[PDB]
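Structure record follows, encoded as structure tokens.
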Amino acid sequence: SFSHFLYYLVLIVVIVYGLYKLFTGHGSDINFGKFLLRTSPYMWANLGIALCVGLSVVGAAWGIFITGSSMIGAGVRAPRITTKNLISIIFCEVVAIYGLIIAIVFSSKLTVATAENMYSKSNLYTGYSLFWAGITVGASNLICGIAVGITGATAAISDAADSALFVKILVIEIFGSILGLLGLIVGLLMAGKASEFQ
Amino acid sequence: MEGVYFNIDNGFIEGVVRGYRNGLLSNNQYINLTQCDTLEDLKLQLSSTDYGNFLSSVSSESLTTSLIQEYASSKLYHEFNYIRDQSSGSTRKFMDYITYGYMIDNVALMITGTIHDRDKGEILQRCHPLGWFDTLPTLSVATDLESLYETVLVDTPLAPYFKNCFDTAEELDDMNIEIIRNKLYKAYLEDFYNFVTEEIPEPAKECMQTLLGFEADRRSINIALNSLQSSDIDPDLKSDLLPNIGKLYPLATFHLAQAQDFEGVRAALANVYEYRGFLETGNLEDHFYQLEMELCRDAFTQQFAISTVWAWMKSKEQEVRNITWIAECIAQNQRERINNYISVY
Amino acid sequence: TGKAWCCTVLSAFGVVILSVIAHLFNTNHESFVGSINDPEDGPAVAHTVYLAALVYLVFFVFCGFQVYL
Amino acid sequence: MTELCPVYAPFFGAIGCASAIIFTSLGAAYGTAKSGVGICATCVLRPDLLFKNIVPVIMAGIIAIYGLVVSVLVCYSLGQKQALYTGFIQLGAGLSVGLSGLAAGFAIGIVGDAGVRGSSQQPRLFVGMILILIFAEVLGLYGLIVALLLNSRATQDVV
Amino acid sequence: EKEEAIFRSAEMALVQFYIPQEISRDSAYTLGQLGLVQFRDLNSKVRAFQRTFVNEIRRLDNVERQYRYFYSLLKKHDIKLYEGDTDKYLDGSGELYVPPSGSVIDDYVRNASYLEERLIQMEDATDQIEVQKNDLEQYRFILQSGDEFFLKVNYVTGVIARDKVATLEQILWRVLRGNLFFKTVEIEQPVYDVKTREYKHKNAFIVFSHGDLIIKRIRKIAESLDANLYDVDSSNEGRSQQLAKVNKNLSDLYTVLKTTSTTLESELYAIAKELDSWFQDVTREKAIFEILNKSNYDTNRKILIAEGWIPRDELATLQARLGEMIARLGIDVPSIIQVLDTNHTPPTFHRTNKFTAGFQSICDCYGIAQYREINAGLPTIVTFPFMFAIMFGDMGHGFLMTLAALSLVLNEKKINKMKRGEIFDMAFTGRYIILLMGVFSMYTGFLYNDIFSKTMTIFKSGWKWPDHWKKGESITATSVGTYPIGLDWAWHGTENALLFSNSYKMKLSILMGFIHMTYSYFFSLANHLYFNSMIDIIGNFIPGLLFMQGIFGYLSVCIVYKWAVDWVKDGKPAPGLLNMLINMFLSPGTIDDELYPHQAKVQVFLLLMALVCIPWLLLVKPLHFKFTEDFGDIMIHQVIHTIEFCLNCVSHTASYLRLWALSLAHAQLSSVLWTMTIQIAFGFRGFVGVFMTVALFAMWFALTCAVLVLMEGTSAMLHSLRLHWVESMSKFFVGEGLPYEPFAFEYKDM
Ligand SMILES: CO/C1=C\C(C)=C\[C@@H](C)[C@@H](O)[C@H](C)C/C(C)=C/C=C/[C@H](OC)[C@@H]([C@@H](C)[C@@H](O)[C@H](C)[C@@]2(O)C[C@@H](O)[C@H](C)[C@@H](C(C)C)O2)OC1=O
């Protein structure tokens, strides 16, 4: 496999470079601390916001097409199930709503900072908090959207056979949506103390 | 995981196939069809089912058990071809491999008719229209297996399945066509099992591996029992006829190859518990069909699995068989064994 | 005759909208010439859009005559 | 060359403008291809639904409109001497709209293929297909909205 | 007086018909002509093919099959079918017509059977004549080939379809090894065949071989693949002689085919002038017996007992109509109408006008309401177009939508008269829907000051720009007043236009979603009051009402209050409402900014109210059910309802932001389209400027009417559908109601 060979070559190159820097006495030259301190926190904040909304939308679309394919497939014989299983698509799109809300909240903290206070403690904390909270919300919404889409596909296929299946698989779908809700809660909690760039 | 990547290409296929499964007749509908009086009443009862008005064009006097079977089979094959024509890639290859099993039976039936010199129209009618390679009607004349292969089988996707049949005599008879069918279908089973293992993903991979193992065991038992009555069977040559992908392989298949008596066959099958009771008592084919229906029902429990297509196709083929049996019993009015149908839904 | 109806409707909407736009340009409307990015010369753009609206009026009357017959 | 306005700052704006159209076009192309396969499959059996079933292709193309809009609006604030804050704002907006449009186009393609294949058999499924396609397109709309929110802050209080 | 059942379903009474068999057919005719009775399936206990009128339904089904076969013959032998007189039966309303007699139906059945026999005989004769003529035509073509075609028994020259010519070529190659001389030509004209009733293109072919066993081998191979083989004299003189044999027998066969075809088309044209009326009569005769099939016939007596679902309003009309039928027949009968009081579920029927029909189609696509349940189609009439307008928000695009809908509304008589397609029947039954959406979109665009993405400076702006400033200098306007109607036009083109419009639209969405939710939730109270479900009021309404008015009603009140306080003038800092909402749950009792005195006390009180109402709503109704195996089902269902309620509270309030999202998207696309299409044309001047202006305006109008008015007005329409089906109906729509499908006669297209 070309991808596996590329991964192995990258690992070997990284190990060789690290050993070369360490053995020669320049091991501290591979400094992640200086990389994080000298990196603009605007980069972290904007990447966090963009990845939050992007991964939330990716998860929403993932669940949407998984559920919609099954809804249309099972609707050929039972068209009555589309309107009743639209709740599954609603539960898939609510994660995109969550990502949009988190993106709005984080973008409210995108203020221009002065040159002297560019990499201050508060600014660096804001950048890290926005980046990681956006990553958390986006990945949680992606995972929740995929799970809710799988559950909704099963619910549509099962309630095509008998309508009593939907009222019992909606519980599992609500359990799935709880994951996205908790992801939003944690993402807000991380950025609660992160003040605007100053 | 299972359903993360399935619905990209096979979500619609799975939904429609499981709706078709929902359309399978239940026990209550089977009983209602059993309580019919005439074939017209059977058609009217089937109208209320998910068959719809498939016999609407058929007149009352034209309504016959053979024609009912023809229309039910035509509807089933139209559904299967529609499902295949909406799928691509691994699913399309899976459907083609499903069709190859009927195609082998079609070529065997055509050759049997060719030596038997039966009526061409009835020979074409009896053939399964799912497995149809373009040179299939050519089979009504071709007899030599070398000429067979070079002029027909290389063209068909059955070419990889014809490897070791050149050893036998060039003249072809009923025994030759039977052994050629067995060898071809064994090679097809090996190729299909390999395709399922490599390309078909979990959980459809394991489910269809189990289903193909059951099919291989079934045909191994059938081949052993059909060759037991014949005295020209070689124990080592029979290994080329018994499939090697089933649960019987390798010990039970070896014992079956060395088996020469019905008690010997039972001792060979003593390795597996499921198949012991099948020969212990009762109708063997009835037990095979019942366990096949049970396996199809178990296959339909798994979601985001393409094995549900195979489970559906076997289930509705059995459903068409049951409809034909009920129609024949009603037309002949011999309802002593009218309730001898196999259903799990 | 569907093309004639489509062109008649489009040309009538042109005669309305472009005439309104040219009137707003001629009066030096804030929303149209009130920014440095917006065109500096008001009357020139007003005359250009007057000519465009006259072209659309010619199209409108021609297509309406075609529809009427 | 200023600490606030590095020489690599325009790279982020330019690459965000490029990505805004690149990823939205990729998603729109996937949607168009899948929906075209579905439409051409169904039109052999039901040619009367040829123009009714083209909606998935239309809704896949709107994603390209969103990407084009973000690319056009990003070019407004592009410049040689632009701050790193503006560059990363542009990159974030472009990435947001691009990834959202890519996901939306993938979903629209898959659901539109399923819907066109299932509406020829069952005409009642056209409404459901349109609903799910709208649910897929509103995701690209949300990406557009996030891109616009980011862009609104691109050149405000920037020095 | 007929009740105007738009707020709730029409009141229904189950009516029992004591129809004797002497007038059973006429009674079924009159009941189907009325079209006000939804008959109950009284005879559902018995299985099929055993019911009272199974044989007579089967006879009419056979006649319908024969008529469908006649229609297939008319279609294959292309003939336009003459439509029947719809006005003869009035195709609707309560008017009664003279129905066909039983002798007329028997004559129809016998004529259909005899004429089917005649038509199948004639069709078989025509098919055999056509197939032999086709064989002779192929033989003529193969005789008409050039001399070089046969130069390269010695051959198997014949005709095969091009679908198999390659397969035949290759299989013959493999049969003959390297001794293949397969020369083939093509028949340019399409060849029609009666075996498959389709046209297949054929290719004449010839193969040269010598061996008798080989020549028979290849002949059988060719014959196997549906190829009509022919014999040729192998000489040019022989070919000429054989072709002279042809075109003379072909003349006789053409004459015979012409005579038979003329006779058969005469018969089919005779059918076409009367087939539609026969089909309508047979369909009505089958429908009346299918309805009569659902009757509890008494063997000892001669009375057909049938139960139907007629609204109480038309009960007197039905009694008068049945009395009129009795007077027409003159047969004396006992009391035929006897109103019943049962515990069944009556159907849900709402009387709709031409204006409310589309909105009720919208509200019934989701699901059918319960009997005497608060109709969701009455508030939809206004809410759905208004939510669409909030998302749409454009006075120019809204004007285009209004004109498009008015074109249908004013010309609705002609469109009703003419046939409509699937996309034309839709958007015409909802022409009033589109009209309301367009009018409300114009209103919202006025409130947004958005006319084709521009702004209207109708009134005096409340913002005053500085007295003087240098070009390119950032200037901030100072407040002088407030804009009377709509958003201020001084906000157009400003850098912080988005920062204001986004907050305005988000708070508008939150407020108009809270109001719409509470309006829908009060419909649950109306339903409970009508149904006398006081325990429902105590256990599901009051807890949920307190929950939403403490968690989300408080948010709306704070949003309104923050607008009514001059924070700059008062000196207090502006409290972030979103941070306040977050802190109301994630850190009770902590407020960074003081919106109003005793904010923390009220916030913790409302949080306690919600956290008390959650167990209230989860437990009180199951507790009442326990203290009046079903207890476990009720308890679990109440848990599911509670969890779904709490989740969809925040879910619905958050998803109402789609109004702001779509409004922003529409505004930005409109502005960007104006920038890329017309704003470019302004710079150019002269003849090229005029031409560019014309072309760019045409492209702008096309793109507008394509994506913004039509398609962006379709996304908002369907999103308002979603907000009504999910965010609004789930509040008060119990659903799972029986749709009203009365036994009415309609024109069934063939
Ligand atoms: C060639 O330019 C056409 C489309 C292009 C290239 C649009 C670009 C701007 C695209 O990049 C954008 C992104 C998408 C867009 C703005 C699609 C609108 C399409 C028009 O639709 C109004 C159809 C429409 C006229 C046509 O598709 C059908 C004939 C039809 O009218 C048939 C009707 O039955 C159906 C109800 C109707 C529906 C589906 C809209 O479409 O024009 C075209 O083809």
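Convention: chains lettered A, B, ... in structure tokens order; per-chain residue numbering from 1; ligands numbered from 1 as shown.
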
Task: Near-residue 50 of chain C list (8 Å; only C-alpha atoms; drop same-chain fewer than 2 positions) as an MDAnalysis selection string - done: chainID C and resid 18:19 22 46:48 52:54

Save out the residues we just selected, N, CA, C and O atoms, as a compact mmCIF listing (two decimals), in the first residue's frame.
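Result file follows (part_34.txt):
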```
# COMPACT_ATOMS: atom_id res chain seq x y z
N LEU C 18 -34.18 49.25 -14.68
CA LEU C 18 -33.09 50.08 -15.16
C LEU C 18 -33.47 51.55 -15.21
O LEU C 18 -32.63 52.41 -14.94
N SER C 19 -34.73 51.86 -15.54
CA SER C 19 -35.16 53.26 -15.47
C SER C 19 -35.10 53.78 -14.05
O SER C 19 -34.67 54.92 -13.81
N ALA C 22 -31.40 54.35 -13.25
CA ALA C 22 -30.87 55.54 -13.90
C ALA C 22 -31.42 56.82 -13.28
O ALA C 22 -30.71 57.82 -13.20
N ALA C 46 -26.23 57.58 -15.50
CA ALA C 46 -27.67 57.73 -15.70
C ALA C 46 -28.02 57.70 -17.18
O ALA C 46 -28.99 57.05 -17.58
N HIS C 47 -27.24 58.39 -18.01
CA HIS C 47 -27.48 58.37 -19.45
C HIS C 47 -27.24 56.99 -20.04
O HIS C 47 -27.99 56.54 -20.92
N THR C 48 -26.19 56.30 -19.59
CA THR C 48 -25.92 54.96 -20.09
C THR C 48 -27.07 54.01 -19.77
O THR C 48 -27.51 53.23 -20.62
N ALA C 52 -29.70 51.93 -22.10
CA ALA C 52 -29.97 50.51 -21.91
C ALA C 52 -31.46 50.25 -21.73
O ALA C 52 -32.01 49.28 -22.28
N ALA C 53 -32.14 51.10 -20.96
CA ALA C 53 -33.58 50.96 -20.77
C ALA C 53 -34.34 51.23 -22.06
O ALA C 53 -35.38 50.62 -22.30
N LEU C 54 -33.85 52.14 -22.90
CA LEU C 54 -34.48 52.36 -24.20
C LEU C 54 -34.31 51.14 -25.10
O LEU C 54 -35.24 50.77 -25.84
```

Task: Residue list for chain A near chain E as a ChimeraX atom specification, 7 Å, only C-alpha atoms - done: /A:83,94,97,171

TODO: Identify every residue of chain D that has at least one atom within 7 Å of any atom of chain E, counting only C-alpha atoms, and report the result as JSON, numbers by chain.
DONE: {"D": [69, 131, 134, 141, 142, 145, 152]}

Next, the residues of the selection above should be written as a JSON list (two decimals), in the first residue's frame with C-alpha atoms.
```json
[["chain", "number", "residue", "atom", "x", "y", "z"],
["D", 69, "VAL", "CA", -19.60, 34.20, -2.84],
["D", 131, "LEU", "CA", -36.83, 17.77, 2.28],
["D", 134, "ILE", "CA", -32.80, 20.93, 1.82],
["D", 141, "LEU", "CA", -25.66, 27.48, 4.17],
["D", 142, "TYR", "CA", -24.40, 27.31, 7.78],
["D", 145, "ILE", "CA", -22.99, 31.99, 7.49],
["D", 152, "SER", "CA", -17.33, 40.76, 9.01]]
```

Within 12 Å of chain A, which residues of chain B come that close, and what is the closest atom pair and distance in Å for each? Count only C-alpha atoms and give it as CSV.
```
residue,atom,partner,partner_atom,distance
B:1,CA,A:150,CA,10.2
B:2,CA,A:150,CA,9.2
B:3,CA,A:150,CA,6.3
B:4,CA,A:146,CA,7.0
B:5,CA,A:66,CA,8.6
B:6,CA,A:66,CA,8.2
B:7,CA,A:66,CA,5.3
B:8,CA,A:66,CA,7.2
B:9,CA,A:69,CA,9.1
B:10,CA,A:69,CA,8.3
B:11,CA,A:69,CA,4.9
B:12,CA,A:73,CA,4.3
B:13,CA,A:73,CA,6.5
B:14,CA,A:73,CA,6.8
B:15,CA,A:73,CA,3.7
B:16,CA,A:73,CA,4.4
B:17,CA,A:73,CA,7.9
B:18,CA,A:74,CA,7.0
B:19,CA,A:74,CA,5.4
B:20,CA,A:77,CA,7.6
B:21,CA,A:161,CA,8.9
B:22,CA,A:161,CA,5.7
B:23,CA,A:77,CA,8.3
B:24,CA,A:161,CA,10.9
B:50,CA,A:77,CA,9.0
B:51,CA,A:77,CA,11.5
B:52,CA,A:77,CA,11.6
B:83,CA,A:73,CA,10.7
B:86,CA,A:73,CA,11.2
B:300,CA,A:158,CA,11.2
B:301,CA,A:158,CA,10.5
B:302,CA,A:154,CA,10.1
B:303,CA,A:154,CA,7.1
B:304,CA,A:154,CA,8.6
B:305,CA,A:154,CA,11.8
B:345,CA,A:161,CA,11.7
```

Next, write the just-selected residues to a file, as a PDB file, in the first residue's frame, keeping C-alpha atoms as the atom set.
```pdb
ATOM      1  CA  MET B   1     -17.701   0.608  11.446  1.00  0.00           C
ATOM      2  CA  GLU B   2     -20.603  -1.280   9.847  1.00  0.00           C
ATOM      3  CA  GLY B   3     -22.966   1.432   8.614  1.00  0.00           C
ATOM      4  CA  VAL B   4     -20.543   4.356   8.427  1.00  0.00           C
ATOM      5  CA  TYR B   5     -19.545   3.696   4.799  1.00  0.00           C
ATOM      6  CA  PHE B   6     -22.364   1.364   3.702  1.00  0.00           C
ATOM      7  CA  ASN B   7     -25.094   3.907   2.924  1.00  0.00           C
ATOM      8  CA  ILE B   8     -22.822   5.857   0.557  1.00  0.00           C
ATOM      9  CA  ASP B   9     -23.373   3.249  -2.163  1.00  0.00           C
ATOM     10  CA  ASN B  10     -25.777   0.602  -0.819  1.00  0.00           C
ATOM     11  CA  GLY B  11     -28.139   2.529   1.470  1.00  0.00           C
ATOM     12  CA  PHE B  12     -30.931   2.698  -1.099  1.00  0.00           C
ATOM     13  CA  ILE B  13     -30.327  -0.932  -2.089  1.00  0.00           C
ATOM     14  CA  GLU B  14     -30.541  -2.063   1.539  1.00  0.00           C
ATOM     15  CA  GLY B  15     -33.686  -0.030   2.162  1.00  0.00           C
ATOM     16  CA  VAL B  16     -35.506  -1.359  -0.893  1.00  0.00           C
ATOM     17  CA  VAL B  17     -34.386  -4.953  -0.296  1.00  0.00           C
ATOM     18  CA  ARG B  18     -35.539  -4.828   3.324  1.00  0.00           C
ATOM     19  CA  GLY B  19     -38.852  -3.368   2.181  1.00  0.00           C
ATOM     20  CA  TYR B  20     -39.101  -6.330  -0.183  1.00  0.00           C
ATOM     21  CA  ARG B  21     -38.404  -8.584   2.807  1.00  0.00           C
ATOM     22  CA  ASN B  22     -41.249  -6.823   4.608  1.00  0.00           C
ATOM     23  CA  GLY B  23     -43.286  -7.787   1.544  1.00  0.00           C
ATOM     24  CA  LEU B  24     -42.652 -11.497   2.102  1.00  0.00           C
ATOM     25  CA  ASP B  50     -47.780  -7.179  -1.702  1.00  0.00           C
ATOM     26  CA  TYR B  51     -47.831  -9.076  -5.001  1.00  0.00           C
ATOM     27  CA  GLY B  52     -50.325  -6.441  -6.108  1.00  0.00           C
ATOM     28  CA  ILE B  83     -31.973  -3.875  -7.476  1.00  0.00           C
ATOM     29  CA  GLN B  86     -29.378   0.429  -9.041  1.00  0.00           C
ATOM     30  CA  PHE B 300     -31.925 -10.136   8.120  1.00  0.00           C
ATOM     31  CA  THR B 301     -31.184  -9.320  11.772  1.00  0.00           C
ATOM     32  CA  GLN B 302     -27.922  -7.593  10.798  1.00  0.00           C
ATOM     33  CA  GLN B 303     -28.256  -4.013   9.573  1.00  0.00           C
ATOM     34  CA  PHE B 304     -25.980  -2.413   6.957  1.00  0.00           C
ATOM     35  CA  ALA B 305     -25.130  -5.864   5.582  1.00  0.00           C
ATOM     36  CA  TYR B 345     -41.564 -14.579   8.655  1.00  0.00           C
TER      37      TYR B 345
END
```

Which residues form the shell of 10 Å around ligand 1 when you count only C-alpha atoms and all ligand atoms, given as a tab-separated table (two decimals) with N, CA, C and O atoms, in the first residue's frame?
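Writing the result to out.tsv gives the following:
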```
chain	number	residue	atom	x	y	z
D	28	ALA	N	-19.82	20.08	-4.95
D	28	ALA	CA	-20.82	20.26	-5.99
D	28	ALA	C	-20.63	19.26	-7.12
D	28	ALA	O	-21.60	18.76	-7.69
D	48	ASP	N	-40.45	10.69	-18.29
D	48	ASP	CA	-41.26	11.86	-17.94
D	48	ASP	C	-40.74	12.58	-16.71
D	48	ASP	O	-41.07	13.75	-16.51
D	49	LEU	N	-39.95	11.91	-15.87
D	49	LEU	CA	-39.39	12.52	-14.67
D	49	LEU	C	-38.01	13.12	-14.91
D	49	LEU	O	-37.29	13.39	-13.94
D	50	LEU	N	-37.62	13.32	-16.17
D	50	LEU	CA	-36.28	13.81	-16.48
D	50	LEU	C	-36.06	15.21	-15.91
D	50	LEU	O	-35.01	15.49	-15.33
D	51	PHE	N	-37.04	16.09	-16.07
D	51	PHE	CA	-36.89	17.47	-15.61
D	51	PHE	C	-37.30	17.66	-14.16
D	51	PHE	O	-36.85	18.62	-13.52
D	52	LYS	N	-38.14	16.77	-13.62
D	52	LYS	CA	-38.51	16.88	-12.21
D	52	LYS	C	-37.38	16.42	-11.30
D	52	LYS	O	-37.22	16.96	-10.20
D	53	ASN	N	-36.60	15.44	-11.73
D	53	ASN	CA	-35.57	14.83	-10.91
D	53	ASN	C	-34.22	15.53	-11.01
D	53	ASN	O	-33.25	15.06	-10.41
D	54	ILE	N	-34.13	16.63	-11.76
D	54	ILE	CA	-32.88	17.37	-11.87
D	54	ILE	C	-32.63	18.26	-10.65
D	54	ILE	O	-31.58	18.90	-10.57
D	55	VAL	N	-33.56	18.29	-9.70
D	55	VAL	CA	-33.39	19.14	-8.52
D	55	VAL	C	-32.11	18.83	-7.75
D	55	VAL	O	-31.44	19.78	-7.32
D	56	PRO	N	-31.73	17.57	-7.51
D	56	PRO	CA	-30.46	17.34	-6.80
D	56	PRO	C	-29.25	17.98	-7.47
D	56	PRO	O	-28.36	18.48	-6.77
D	57	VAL	N	-29.20	17.97	-8.80
D	57	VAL	CA	-28.10	18.62	-9.50
D	57	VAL	C	-28.14	20.12	-9.26
D	57	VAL	O	-27.09	20.77	-9.12
D	58	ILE	N	-29.34	20.70	-9.23
D	58	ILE	CA	-29.47	22.14	-8.99
D	58	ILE	C	-28.99	22.49	-7.58
D	58	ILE	O	-28.25	23.46	-7.39
D	59	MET	N	-29.39	21.70	-6.59
D	59	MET	CA	-29.02	22.00	-5.21
D	59	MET	C	-27.55	21.72	-4.94
D	59	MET	O	-26.96	22.33	-4.05
D	60	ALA	N	-26.95	20.79	-5.69
D	60	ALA	CA	-25.51	20.63	-5.61
D	60	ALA	C	-24.79	21.87	-6.12
D	60	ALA	O	-23.74	22.24	-5.59
D	61	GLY	N	-25.34	22.53	-7.14
D	61	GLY	CA	-24.69	23.70	-7.70
D	61	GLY	C	-24.76	24.93	-6.82
D	61	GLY	O	-23.93	25.83	-6.95
D	62	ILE	N	-25.74	24.99	-5.91
D	62	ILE	CA	-25.84	26.13	-5.01
D	62	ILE	C	-24.64	26.18	-4.07
D	62	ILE	O	-24.20	27.26	-3.67
D	63	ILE	N	-24.10	25.02	-3.70
D	63	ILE	CA	-22.89	24.97	-2.90
D	63	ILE	C	-21.77	25.73	-3.60
D	63	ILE	O	-21.00	26.47	-2.97
D	64	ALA	N	-21.66	25.55	-4.92
D	64	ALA	CA	-20.68	26.31	-5.69
D	64	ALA	C	-20.96	27.80	-5.63
D	64	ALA	O	-20.02	28.60	-5.62
D	65	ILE	N	-22.23	28.21	-5.59
D	65	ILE	CA	-22.54	29.63	-5.41
D	65	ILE	C	-22.03	30.12	-4.07
D	65	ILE	O	-21.49	31.23	-3.97
D	66	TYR	N	-22.21	29.33	-3.01
D	66	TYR	CA	-21.73	29.74	-1.70
D	66	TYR	C	-20.21	29.89	-1.70
D	66	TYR	O	-19.67	30.87	-1.16
D	68	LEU	N	-18.29	30.49	-4.32
D	68	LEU	CA	-17.95	31.65	-5.14
D	68	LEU	C	-18.20	32.94	-4.38
D	68	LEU	O	-17.41	33.89	-4.48
E	421	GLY	N	-49.53	19.66	-15.22
E	421	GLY	CA	-48.51	18.68	-14.93
E	421	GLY	C	-48.25	18.56	-13.44
E	421	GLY	O	-48.86	19.22	-12.61
E	422	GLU	N	-47.30	17.68	-13.11
E	422	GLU	CA	-46.95	17.48	-11.70
E	422	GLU	C	-46.38	18.75	-11.10
E	422	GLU	O	-46.71	19.11	-9.96
E	423	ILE	N	-45.52	19.45	-11.84
E	423	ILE	CA	-44.99	20.72	-11.36
E	423	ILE	C	-45.96	21.86	-11.59
E	423	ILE	O	-45.83	22.92	-10.96
E	424	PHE	N	-46.96	21.68	-12.45
E	424	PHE	CA	-47.95	22.72	-12.69
E	424	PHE	C	-49.17	22.58	-11.79
E	424	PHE	O	-49.74	23.60	-11.37
E	426	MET	N	-48.95	21.27	-8.73
E	426	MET	CA	-48.28	21.93	-7.63
E	426	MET	C	-47.92	23.35	-8.05
E	426	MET	O	-47.77	23.65	-9.23
E	699	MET	N	-28.43	38.89	-17.48
E	699	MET	CA	-27.85	37.81	-16.70
E	699	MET	C	-28.21	37.93	-15.22
E	699	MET	O	-28.48	36.92	-14.56
E	702	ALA	N	-31.86	36.83	-14.85
E	702	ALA	CA	-31.93	35.38	-14.98
E	702	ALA	C	-31.45	34.69	-13.72
E	702	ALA	O	-32.11	33.79	-13.20
E	703	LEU	N	-30.30	35.11	-13.19
E	703	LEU	CA	-29.76	34.50	-11.98
E	703	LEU	C	-30.68	34.74	-10.79
E	703	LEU	O	-30.88	33.84	-9.96
E	704	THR	N	-31.23	35.95	-10.67
E	704	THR	CA	-32.19	36.24	-9.62
E	704	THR	C	-33.37	35.27	-9.68
E	704	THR	O	-33.56	34.45	-8.78
E	705	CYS	N	-34.13	35.32	-10.78
E	705	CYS	CA	-35.31	34.48	-10.92
E	705	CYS	C	-34.98	33.00	-10.88
E	705	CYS	O	-35.88	32.18	-10.67
E	706	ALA	N	-33.72	32.62	-11.09
E	706	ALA	CA	-33.35	31.22	-11.04
E	706	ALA	C	-33.06	30.76	-9.61
E	706	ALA	O	-33.70	29.84	-9.10
E	707	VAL	N	-32.10	31.40	-8.94
E	707	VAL	CA	-31.60	30.91	-7.67
E	707	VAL	C	-32.21	31.65	-6.48
E	707	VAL	O	-32.52	31.02	-5.47
E	708	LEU	N	-32.41	32.96	-6.57
E	708	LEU	CA	-32.82	33.70	-5.38
E	708	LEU	C	-34.34	33.69	-5.20
E	708	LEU	O	-34.83	33.33	-4.13
E	709	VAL	N	-35.08	34.09	-6.23
E	709	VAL	CA	-36.54	34.08	-6.12
E	709	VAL	C	-37.07	32.66	-6.11
E	709	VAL	O	-37.92	32.31	-5.28
E	710	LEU	N	-36.58	31.81	-7.01
E	710	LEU	CA	-37.13	30.47	-7.17
E	710	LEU	C	-36.50	29.47	-6.22
E	710	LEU	O	-37.21	28.79	-5.47
E	711	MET	N	-35.17	29.36	-6.23
E	711	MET	CA	-34.52	28.32	-5.45
E	711	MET	C	-34.23	28.72	-4.02
E	711	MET	O	-34.48	27.92	-3.10
E	712	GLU	N	-33.70	29.92	-3.78
E	712	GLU	CA	-33.58	30.39	-2.41
E	712	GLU	C	-34.94	30.66	-1.78
E	712	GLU	O	-35.05	30.66	-0.55
E	714	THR	N	-37.24	28.49	-2.41
E	714	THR	CA	-37.66	27.12	-2.17
E	714	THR	C	-37.02	26.55	-0.91
E	714	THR	O	-37.66	25.79	-0.18
```

Open item on the list: Applying 12 Å and only C-alpha atoms, which residues near residue 35 of chain C remain after dropping the ones on its own chain fewer than 2 positions away? List them as JSON, numbers by chain.
Closed with: {"C": [28, 29, 30, 31, 32, 33, 37, 38, 39, 40, 41, 42], "E": [471, 472, 473, 492, 493, 494]}

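Nearest residue to chain E, choosing from C:27, C:10, C:65, C:57 and counting only C-alpha atoms: C:10.
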
- [ ] Could you give me, as a list in words, the residues within 7 Å of residue 84 of chain D, counting only C-alpha atoms and dropping anything in the same chain fewer than 5 positions from it?
- [x] residues 4, 5, 6 and 9 of chain D

Restricting it to C-alpha atoms, dump the selection as a PDB file, in the first residue's frame.
```pdb
ATOM      1  CA  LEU D   4       1.431  42.518  13.004  1.00  0.00           C
ATOM      2  CA  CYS D   5       1.529  42.283   9.174  1.00  0.00           C
ATOM      3  CA  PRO D   6       4.032  39.602   8.108  1.00  0.00           C
ATOM      4  CA  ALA D   9      -0.019  36.988   5.872  1.00  0.00           C
TER       5      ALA D   9
END
```

Task: Distance filter 6 Å, only C-alpha atoms, chain E against chain C, as a list in words - done: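 So the contacting residues turn out to be residues 682, 690 and 694 of chain E.
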